[PDB]
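Provided hereafter are the protein sequence and its experimental coordinates.
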Amino acid sequence: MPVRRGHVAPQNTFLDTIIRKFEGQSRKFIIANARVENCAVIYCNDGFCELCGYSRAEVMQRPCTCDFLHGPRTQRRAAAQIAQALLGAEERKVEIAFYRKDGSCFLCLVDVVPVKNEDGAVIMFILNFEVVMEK
């Protein structure tokens, strides 16, 4: 179907997916205003704190643009596409590498996808920086 109208998904597992999105124990994420030109981090999870090894006071009201925290393994194409997605070219998922406060830098299959309303417009930038890899 072209849009999520008339039909409804199985709400229990559809919600379970959103639970894993905000689960904050093995998954990691931030909260940003998608409606502002500065795309700033109005709130942040303890998951991001364990991801980067920083502190919430270090992300408070910074731009959500992952370029501002790029490391020696982060691809410029990845950081650029994100900068364009927050600039408003397209709301799109991209991969990116992060670096820890301990001095280690890594690329994983990160899930950089924001949150939208029943119209499909992105009202918040919850760019879940969930590091994931295959077994």
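Okay, I see it. Numbers count the residues shown, from 1 in each chain.

what does residue 19 show for phi and psi?
Note on residue 19: its backbone torsions stand at phi -60, psi -50 [degrees, to the nearest 10].

how about residue 38, what does it touch?
The contact partners of residue 38, by CB atoms under 8 Å, 6 or more residues apart in numbering, come to residue 63. C-betas here are computed from N, CA, C, even on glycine.

er, residue 82 I mean
Residues near residue 82 by CB under 8 Å, 6+ apart: 65-67, 94, 96, 112.

and residue 32, how many neighbours does it have?
Burial of residue 32 is recorded as 26 neighbouring residues (other CB atoms under 10 Å).

please name the nearest non-neighbouring residue to it.
Among residues not flanking residue 32 along the chain, residue 125 sits closest, at 3.6 Å (CB to CB, 6 or more residues apart in numbering).

residue 118 versus the one you found, what's the distance?
Residue 125 sits at a distance of 18 Å from residue 118 (criterion: CB to CB, to the nearest Å).

ok so, going back, verify the stated contact: the residue nearest to residue 32 with residue 35.
No. With the criterion set as CB atoms under 8 Å, residue 125 and residue 35 do not qualify as a contacting pair; they are 9.0 Å apart.

what's stretch 90-101 in contact with?
Contact with stretch 90-101 is made by 51-54, 66, 69-75, 78-79, 81-82, 84-85, 105-114, 116, 122, 129, 131, as judged by CB under 8 Å, 6+ apart.

that older thread, quick check: phi and psi at the residue nearest to residue 32.
Residue torsions, per degrees, to the nearest 10, at residue 125 are phi -100, psi 80.

for residue 100, see how far away it is.
23 Å.

neighbour count winner among these two?
residue 125 (26 against 14).

are we agreed that residue 97 is in a helix?
No. Checked against DSSP: H, G, I helix; E, B strand; the rest coil, residue 97 lies outside a helix; its state is strand.

I am finished for the moment; much appreciated.
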